[PDB]
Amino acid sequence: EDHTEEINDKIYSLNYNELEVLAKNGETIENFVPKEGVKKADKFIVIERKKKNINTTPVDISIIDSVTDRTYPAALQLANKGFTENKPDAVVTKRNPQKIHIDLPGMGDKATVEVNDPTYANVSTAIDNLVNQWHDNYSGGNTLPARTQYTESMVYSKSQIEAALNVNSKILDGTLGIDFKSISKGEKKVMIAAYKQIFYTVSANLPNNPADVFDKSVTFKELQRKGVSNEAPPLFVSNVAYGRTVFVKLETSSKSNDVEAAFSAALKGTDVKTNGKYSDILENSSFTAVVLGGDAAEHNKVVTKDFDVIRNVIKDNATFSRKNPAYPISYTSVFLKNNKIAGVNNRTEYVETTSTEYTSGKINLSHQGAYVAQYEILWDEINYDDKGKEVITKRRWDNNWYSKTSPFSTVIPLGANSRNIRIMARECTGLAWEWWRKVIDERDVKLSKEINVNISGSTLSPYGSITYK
């Protein structure tokens, strides 16, 4: 008996929204403080937050080799929440014959085979046999460079990093370690990069009609009991990518604003050695590389302060040879009904936290000039609240404009949240056409640990200098 017409008619009758059935929705960011500052001890710590959006729709879906088993070329699966979290449900029935094609170079003809009973086991075996033929007859023992699928991103939330890298956050967090709390606190800054090094892909000819994949004895009622419905419509796996995945984490508690740029540059090339604060930041950073194996037990983790060690890890896993086995890393699927490519729409909101630090300082005044001197020393104290509003306090040395005589010295304490530092020193020349002469008029001073304002000379020609120790 033949249920072909039935399967077709019932699958064609499924009514669903292709984006909705595989939609992945993240967090909604309600309230947050855009900007806050707080004096620690020596320092002023400014934290800045921005509400941001990610909306992305990958057609490659990562494989976590927990259950799969469930994922191979021409596998059938359900389009449901589990799919979107990299735990697909399989739909296993008796199957018709199925052609698959490997993309390793220089084969026939011999790159395509028909698998009579396309179960996980027979497809796997047919693939193993194709890959071996290639090694034995077509490669010449040469190593095949991977096709690299690369993503990179600062880390802020589980759903954000997931959407950004197109990698399940549980595997990311599980292998690398992501201290999300420290991040939100502005205490850690983390970037993660993912290298999916694709050595070869195996595709499966798309069915002409939905029924073509099922043995004629299969009934729609059977699909229904295997979970098929408007909410979990069937998918056909059209291609699986095989190779190796490397994750890289760059982590620092540095408070520079250049960290993100320093991290991206490090991944880009060794010429980061050729940069001021990039290299200082990296010196204050820690690196982790994980290389995924075929199952959890085979995963490898390396933590190092030498980014060159990381470059070699990446490099040693970017080439295919008999001695560098490949694993399933990602796959594309089409709705069985439609043959339309199936994408997972990640939409999430998150908070992008950046953190800066400022250090308190002292103005050290040195008057050893053979004249009477006055200073005008001004600065602002910046603060924030409570909606991130920058509230400003004007400040003033209490002895502004008081005459001082040589020798004289004092120390003026500037808070770490101090900005817009102006320092003027003038001396009375006793000359009717220029009674007061400015000796220092600076004007926009930098908040060093020490600002050493030194004036001397004679009335007629004085001279002074601000230096920063």
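The numbering used is simple: start at 1 and walk along the sequence shown.
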For 322 to 330 versus 373 to 381, entry-based mean Cα B-factors point to 373 to 381
Between 97 to 105 and 212 to 220 (mean CA B-factor, as deposited), the higher = 212 to 220
Member of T304, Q368, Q133, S124 with the greatest C-alpha B factor (per the PDB record) | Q368
From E434, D60, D42, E427, residue of greatest CA B-factor | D42
Would you mind checking where the Cα B-factor of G227 ranks among the modelled residues of its chain, as the lowest, middle or highest third?
-> middle
Just say lowest, middle or highest third for the CA B-factor of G343 relative to the other modelled residues in its chain.
-> lowest
Relative C-alpha B-factor of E390, binned into the chain's lowest, middle or highest third | highest
Relative C-alpha B-factor of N142, binned into the chain's lowest, middle or highest third = middle
In terms of its chain's C-alpha B-factors, the third that includes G82 is the middle
